[PDB]
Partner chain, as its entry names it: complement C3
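Read the single chain below, which is given as structure tokens and is the form deposited without its partner chain.
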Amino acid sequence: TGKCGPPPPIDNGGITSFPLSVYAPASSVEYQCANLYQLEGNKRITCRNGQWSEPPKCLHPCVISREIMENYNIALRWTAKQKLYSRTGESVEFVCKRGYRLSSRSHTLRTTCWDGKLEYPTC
């Protein structure tokens, strides 16, 4: 009493240490997210009473691809980069390509990536 087994797994993440088969109460471990993922929550879980405290979460990024910037008739306002990988919490801003104009359906060109979902404007 009251020792924990290995720390729980989390989608798109890992621990920074080598898993022990058993932990002493009050020991910590720490999680890292994959490349473009945003860790949400405390990064460090703590063992108590046989239980691990709540783990974090790895927020998905959004791939802004040439292909989709085509379908929407857009392009990145600030870089020449034809593709972009954006982490949750990151804002991207577009322009129309010469020739099109902003569809009635869209009112803004500046979007933010939220957990893998990013609202594209239409041109």
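Numbering follows the first chain given and starts at 1. Shifts are known only where both forms have a C-alpha. Basically, rigid core = biggest C-alpha set you can superpose within 1.5 Å across the two forms.
Below: the form deposited with its partner chain bound, not depicted.
Chemist: Is residue 32 a contact residue for its partner chain in the bound PDB entry, using a 4.5 Å heavy atom cut-off?
Modeler: Judged by the heavy-atom cut-off of 4.5 Å, residue 32 is in contact with its partner chain in the bound PDB entry.
Chemist: Verify the contact flag for residue 82: yes if a non-hydrogen atom of it lies within 4.5 Å of a non-hydrogen atom of its partner chain in the bound PDB entry, no if not.
Modeler: Yes.
Chemist: How about residue 48 - does it come within 4.5 Å of its partner chain in the bound PDB entry, if we only consider non-hydrogen atoms?
Modeler: Outside the cut-off, so no.
Chemist: Tell me, yes or no, whether residue 44 is in contact with its partner chain in the bound PDB entry, where a contact means a heavy atom of each within 4.5 Å.
Modeler: Answer no; every heavy atom of residue 44 is more than 4.5 Å from its partner chain in the bound PDB entry.
Chemist: Out of 8-43, which residues reach within 4.5 Å of its partner chain in the bound PDB entry, heavy atoms considered?
Modeler: Heavy-atom contacts within 4.5 Å come from 9, 12, 13, 14, 15, 16, 17, 18, 19, 32, 33, 34, 35, 36, 37.
Chemist: After superposing on the rigid core, which residue among 82, 91, 28, 53 shows a C-alpha displacement of 2 Å or more between this form and the one not shown?
Modeler: Flagged residue: 82.
Chemist: Considering only residues present in both forms, which runs of at least 3 consecutive residues have all C-alphas displaced by 2 Å or more between this form and the one not shown after core superposition?
Modeler: CA shift run, sole hit: 78-82.
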